[PDB]
């Protein structure tokens, strides 16, 4: 669980980077696709599962929008992300193992973009937070 310190740390960081969420989302999805090619199995319905393709840029921004939601709903992620969890559970059937792959890609991106803001202290709290999102997202699966 996220302590008060964690929640303040995420909010503060998000406050700072939130403006580039779309760039972050494109970057992280492009790395996921190239560094962990097995995740491509979920995008077989697109013809362009290539780094920074139109489809990837678009999705990039929808995923980072869900993170923006999670930040605003950080006091009760389970409830906050309930609808996103059923969409993943029953329509997409995404293996929760992938959330961890994506989270790691997100941290690498933030790290290359905001080197000065991504302190070790921010890292621990964002890591706890993204694990928290992963758990929330997995709620309705079984």
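Numbering follows the first chain given and starts at 1. Between two forms, the rigid core is defined as the largest C-alpha subset superposing within 1.5 Å.
Superposing the other copies on the rigid core and comparing 106-114 to 49-57, farther C-alpha placement in 8 other deposited structures of this protein marks 49-57. Across the superposed structures in 8 other deposited structures of this protein, aligned by the core, the stretch whose Cα atoms lie more distant on average is 40-48, chosen from 40-48 and 72-80.
As listed in the deposited structure, the average C-alpha B-factor of 46-54 and of 28-36 is greater for 46-54. Mean C-alpha B-factor is higher over 70-78 than over the other stretch, the pair under comparison being 70-78 and 97-105.
In this PDB entry, residue 12 carries a Cα temperature factor that places it within the middle third of its chain's modelled residues. Looking at the C-alpha B-factors along this chain, the one for residue 22 belongs to the highest third.
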